[PDB]
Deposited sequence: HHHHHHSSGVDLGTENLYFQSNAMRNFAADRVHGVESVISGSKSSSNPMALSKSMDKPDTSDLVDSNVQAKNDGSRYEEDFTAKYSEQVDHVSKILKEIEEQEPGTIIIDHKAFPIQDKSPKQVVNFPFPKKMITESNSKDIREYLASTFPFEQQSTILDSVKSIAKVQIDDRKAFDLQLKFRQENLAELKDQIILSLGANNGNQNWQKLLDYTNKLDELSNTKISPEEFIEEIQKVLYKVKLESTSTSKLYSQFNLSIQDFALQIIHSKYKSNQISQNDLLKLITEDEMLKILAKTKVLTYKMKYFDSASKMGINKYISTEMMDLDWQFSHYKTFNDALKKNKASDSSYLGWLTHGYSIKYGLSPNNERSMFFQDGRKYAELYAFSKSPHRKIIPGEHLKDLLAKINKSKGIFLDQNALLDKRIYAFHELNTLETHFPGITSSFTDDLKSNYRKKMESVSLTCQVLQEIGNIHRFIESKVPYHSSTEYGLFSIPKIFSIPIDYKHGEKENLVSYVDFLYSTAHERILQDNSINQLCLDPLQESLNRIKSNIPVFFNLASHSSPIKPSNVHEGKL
C-alpha cells in the first residue's frame, strides 16, 4: 500500500511538479530570473544578456496582446566563454518557460502557441535547448551516480524542470503528429551531437536532413538494412555495453516517433525484441527517477543545476515527520516495480538488471550516510 507515498509526492517539492511510474511556478520563475540578472550585473556582449533578462522579466509580468508577446519572445529566442554560453542557454530555457506559462495562464491561445512552435527555427530551438539544458543541469550528477548511459531523450521531459517541453510536444501532437515526430528526430540528433549518446560511427538515422526524408518517405509508404543492423547490435549479448545502449536509444526514438518502423513480426517473436525494448526503457525511466531522489537527499546551494531553485524556495534542510520513511517507500516501490516488470535473461540483464542492481547498491549504501 502506497497511500502515504502517493500523498507525500502530491504535496512535496519537486515531486509535486512531475509524475511517477508508481501512478501507472510564475513566482518561482520570477525569482530564478532575478538571480540570473544578479549574476549578469556582477559579470559586467554581456550587455545584451542583461537586455534579454530585463526583456524576459518585462514579458512575464506585464500583460500585453497575444500578438505582441509572439513577436517579442521570437526576437529574444532568434537573437539569443563557458559562463557566457551557460547564461545564454539559461536565457533560452527561460524564454521557453515563459511561453509555457503564458499558454497555461490562458494569456495565449492554442493557435497563438502553434504559430510560434510549428516554425522550423522554433522546433530546432525546442530540440537543442531541451538537450543542452538537461546536459548542463544533470550530466555531472548522472555521471557521478553511473546512470549517464541511460539518459534517454524520450524521458527528459518527464523531469520536473522540463515540464514546459512536454506541453509543447503534446500541443504539436494534437495539431499535426508529424511535427512532433520531426521534433523527436531533431532532439535525438542533438543528443548524439552534444555528447549524450556517444558512438565512434556516425548515425545511420539522425543529424542529416536526407535521413529525416528517407524516414518520412518510408512512413508514407536499405533503410530496413540499417534498422536490422541496429536491432542486431541491441540484441547482441556479446556486444560492448556502449554499442548496445547507443543502438537502444536510436531504436527507442525511431519507435516513439515513427511507430512500426522497427517492427518485424516473425523475427521479433523469436528474439523477444518488444519485451527487451520495454525492459531497457523501464530501466532508463527508473534510473532518472532514482537520480532525482539522490539530488533531493543531497539537498538535506542547489543540486539541480544552474538557476534551478532560488534561495527563497530552496528545499528545507531537515526531514518533515515521516519524510525519511516516505522516501524509502518510494525507492523500494521503484525497484520492486522494476524487478516485477523487467525481462530477466542473460541476453538482456547487462542493459536492465545489472545497472538497476548497481544503482540500488549505490542509493542504499548512501541512505544511512
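Positions of the deposited sequence absent from the coordinates, in order: 1-137, 162-178, 199-205, 242-248, 390-401, 481-485, 555-575.
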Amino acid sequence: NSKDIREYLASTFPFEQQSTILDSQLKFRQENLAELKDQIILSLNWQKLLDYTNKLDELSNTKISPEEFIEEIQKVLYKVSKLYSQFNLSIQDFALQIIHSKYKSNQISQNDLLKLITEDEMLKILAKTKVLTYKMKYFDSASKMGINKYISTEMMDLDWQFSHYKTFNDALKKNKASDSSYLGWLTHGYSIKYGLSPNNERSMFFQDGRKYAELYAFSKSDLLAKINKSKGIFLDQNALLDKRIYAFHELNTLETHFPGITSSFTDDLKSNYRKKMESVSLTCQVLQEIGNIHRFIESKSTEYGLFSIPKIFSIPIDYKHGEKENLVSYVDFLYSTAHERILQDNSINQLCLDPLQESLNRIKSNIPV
From here on, numbers count along this sequence of modelled residues.
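Looking at mean Cα B-factors across 55-63 and 33-41, the upper value is held by 55-63. When the two stretches 260-268 and 210-218 are set side by side, the higher mean Cα temperature factor goes to 260-268.
Sort the modelled residues of the chain by CA B factor and residue 106 lands in the highest third.
The deposited CA B-factor of residue 297 belongs to the middle third of values across its chain.
In this PDB entry, the Cα temperature factor of residue 233 sits in the middle third of its chain's modelled residues.
When all modelled residues of the chain are sorted by CA temperature factor, residue 93 is found within the lowest third. Among all modelled residues in this chain, the alpha-carbon of residue 148 has a temperature factor (C-alpha) in the lowest third.
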